[PDB]
Amino acid sequence: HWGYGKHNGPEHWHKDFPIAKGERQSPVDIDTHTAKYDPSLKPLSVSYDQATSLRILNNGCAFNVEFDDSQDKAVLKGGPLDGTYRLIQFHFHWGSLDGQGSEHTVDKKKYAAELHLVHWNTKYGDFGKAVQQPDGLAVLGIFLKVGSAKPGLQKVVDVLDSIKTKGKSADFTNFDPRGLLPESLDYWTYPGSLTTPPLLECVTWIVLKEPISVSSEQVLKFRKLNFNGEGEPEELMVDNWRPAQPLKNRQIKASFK
Ligand SMILES: NS(=O)(=O)c1ccc(C(=O)N[C@@H](c2ccccc2)c2cnnn2CC(=O)NCCCS)cc1
Ligand SMILES: [Zn+2]
């Protein structure tokens, strides 16, 4: 029932998921002047060289590229994290217009889109158990701006034709998520939540400072997707972002001086 319309969008979610008004909700606005460098942060390790992608799925919210997480293959370690976090999927949030689409904002600036690489803490054995823990997940967030094309994104753009409507999937093997990273791994980190229902407060957020650039044509292909299922009235999959939530008693830490 929840979605991103006037009748079922983020302002309505709290009626089915009261944690929507919780103490560690995401996303947030990152006030870069209030964020503090934290010398206790260890180097961030993004280790994706043995990633094994499997499939791409339109789940009615976004599209997810899913990975084989049955072994340590593609993992996130270091930074604010304790232990090893395994990549399970990535997806994006985007706008109807280039001036909006990201979930996190930076000094109130909205980006055209935001990539979420989702990882779970291997100490909990599987994703389902990890989402019952306050340090169960780590999401690596990457902003997208419109400018030059991102070559590493093109294979995603070109399969979207095949998963236009909710519940469609396609084989998506041998995709290398390293092609979606910016040059610098400088980040902000804070404790938060899933940004969609069930909005569970399990996430260590790691949001990169440097955006990647994608072309107008690339983001336009995202906006041709549908929220609805085949045969249903066409609802373009656009503006699938939750706005910034109250920071409450949290501190955002920076990895850079
Ligand atoms: N935006 S985010 O990175 O913060 C984020 C990351 C992961 C999930 C997620 O795994 N949600 C699934 C889940 C299954 C079991 C327990 C809890 C959560 C779920 C539940 N119903 N559908 N899904 C799939 C889901 O919503 N896919 C993520 C695409 C966001 S537009 C949601 C948001
Ligand atoms: Zn997300």
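Each reported figure results from applying straightforward, stated rules to the coordinates on display, with no laboratory input. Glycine also receives a Cβ, built like all others from the backbone with ideal geometry; neighbour counts cover every protein chain displayed.
Structure data summary
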read-out: Extreme residue, nearest to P177 (Cα to Cα), among residues of the range 86-133 that are within 12 Å of ligand 1 (Cβ to nearest atom) and among the acidic types (D, E); value: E114
read-out: Among (1) surrounded by 18 or more Cβ atoms within 10 Å (Cβ to Cβ); (2) at positive phi - the single one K108 does not satisfy; value: (1)
read-out: Close pairs (7 angstrom Cβ cut-off, 6 or more residues apart or separate chains): away from ligand 2 (no atom under 13 Å from the Cβ) in the range 178-205, outside any helix (DSSP H, G or I) and among the acidic types (D, E) anywhere; value: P182/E210; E183/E210; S184/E210; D186/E210; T204/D135
read-out: Residue list for the range 165-195, restricted to those being surrounded by fewer than 16 Cβ atoms within 10 Å (Cβ to Cβ) and either farther than 29 Å from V28 by Cβ or touching a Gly at 6+ places or on another chain (Cβ under 9 Å) (or both); value: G167, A170, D171, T173, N174, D176, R178, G179
read-out: Residues (assigned to a loop (DSSP other than H, G, I, E, B) and more than 15 Å from ligand 2 (Cβ to nearest atom)) located in the range 239-257; value: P246, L247, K248, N249, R250, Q251, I252, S255, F256, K257
read-out: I142 of a type outside the set (D, E), more than 25 Å from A20 (Cα to Cα) and crowded, with 17+ Cβ neighbours inside 10 Å; value: no
read-out: Qualifying residue in the range 55-78 (condition: touching a strand residue (DSSP E or B) at 6+ places or on another chain (Cβ under 6 Å), more than 20 Å from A244 (Cα to Cα) and polar (S, T, N, Q)); value: yes
read-out: Residue match in the range 195-212 (condition: in a helix (DSSP H, G or I), more than 16 Å from ligand 1 (Cβ to nearest atom) and either within 30 Å of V131 (Cα to Cα) or aromatic (F, W, Y) (or both)); value: no
read-out: Among residues of the range 32-50, those that are surrounded by fewer than 18 Cβ atoms within 10 Å (Cβ to Cβ) and farther than 29 Å from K109 by Cα, counted; value: 3
read-out: Hey, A138 closer than 28 Å to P39 by Cα and touching a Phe, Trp or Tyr at 6+ places or on another chain (Cβ under 8 Å) or not; value: yes
read-out: In the range 93-146, residue farthest from ligand 2 (Cβ to nearest atom) [restricted to those that are among the aliphatic types (A, V, I, L, M) and not in a strand (DSSP E or B)]; value: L97
